[PDB]
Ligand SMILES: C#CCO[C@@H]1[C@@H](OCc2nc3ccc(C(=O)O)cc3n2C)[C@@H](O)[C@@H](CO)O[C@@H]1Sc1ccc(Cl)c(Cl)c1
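The chain below stands alone and is given as structure tokens, in the form solved without this ligand.
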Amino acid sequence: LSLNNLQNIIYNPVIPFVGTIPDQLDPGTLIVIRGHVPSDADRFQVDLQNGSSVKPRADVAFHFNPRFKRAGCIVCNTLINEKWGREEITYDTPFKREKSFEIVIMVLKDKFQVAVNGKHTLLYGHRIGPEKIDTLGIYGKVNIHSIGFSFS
């Protein structure tokens, strides 16, 4: 599906990345993240955050965490009031070490949908109102090639 009109593009960002999202994540908006993990990576994470506070720890509406140990998985969760919720684990994962990915996170009314390299990966229902997200965090052993946004 369509990745047209990507704006505010950043190439080769330094990791850890913590950036202000340039507009509100309304239903229909998307975030596109391209990258790969190196051969010594076990995991990395993308977080859609309310702010960038370290203490107290900023709330994370959507934590998306591929883990590469043996057959692999993706863990999704939410952090509210400095506490992690109950994780949702997806075992059918497209991620592999040294294999590049295009992650598309699309905000829908009731959930996020995530696709990788043009194929559906998972769904994650909203636990925090998406209007409260203003910060993108990327952490861990990951080489990010680019970040872009679609708001139009």
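So that there is no doubt, residue numbering starts at 1 and follows the sequence shown.
Quick note: we don't show the form deposited with this ligand bound, though the next part is all about it.
Using a 4.5 angstroms threshold between heavy atoms, residue 111 stays clear of this ligand in the bound PDB entry. Residue contact with this ligand in the bound PDB entry: residue 67 places a heavy atom within 4.5 Å of it. The shortest heavy atom separation between residue 57 and this ligand in the bound PDB entry is within 4.5 Å.
Interface membership of residue 85, defined by any non-hydrogen atom within 4.5 Å of this ligand in the bound PDB entry, is confirmed. You can rule out all but one of 95-103, 115-123, 30-38, 57-65: in the bound PDB entry, only 57-65 has residues with a heavy atom within 4.5 Å of this ligand.
In the bound PDB entry, the residues of 106-141 lying within 4.5 Å of this ligand by at least one heavy atom are, in order, 139, 140.
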